[PDB]
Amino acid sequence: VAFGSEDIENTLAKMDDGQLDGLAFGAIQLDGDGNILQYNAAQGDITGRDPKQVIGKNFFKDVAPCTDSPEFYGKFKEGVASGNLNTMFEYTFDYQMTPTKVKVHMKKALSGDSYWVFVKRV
């Protein structure tokens, strides 16, 4: 499955604990509040987080405070409220990591109650 595919969430809805680690891009699944439900191996390779340790933490408050901004978290919240989260943008991640330019794709999951954040280096 390629980053930014039109129906990426269809493919990832099918994936368990293992298949998500084989993606070529970082993949985080969040609930509506930003709590981390899933976090794959490719994302940990970019950020220096242990995927097994971040589960349950809040992405915007605790893990990724540089994303607590209108440009990221504001766009996330707008999408969980509208029910149609689907946006791609560039961003820099720099909290307890080497400042790293990325491309982000946020997309509602098929559950309707969980939201994907996809990341790749640029």
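Quick note: we count residues from 1 along the sequence shown, nothing fancier.
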Regarding 11-19 and 98-106, which shows the higher C-alpha temperature factor on average in the entry?
11-19
Which of 108-116 and 21-29 has higher mean CA B factor, as the PDB entry lists it:
108-116
Would you mind finding, among 86, 69, 47, 40, the residue with the largest C-alpha temperature factor in the entry?
86
Cα B factor band for residue 55 (lowest, middle or highest third within the chain)
middle
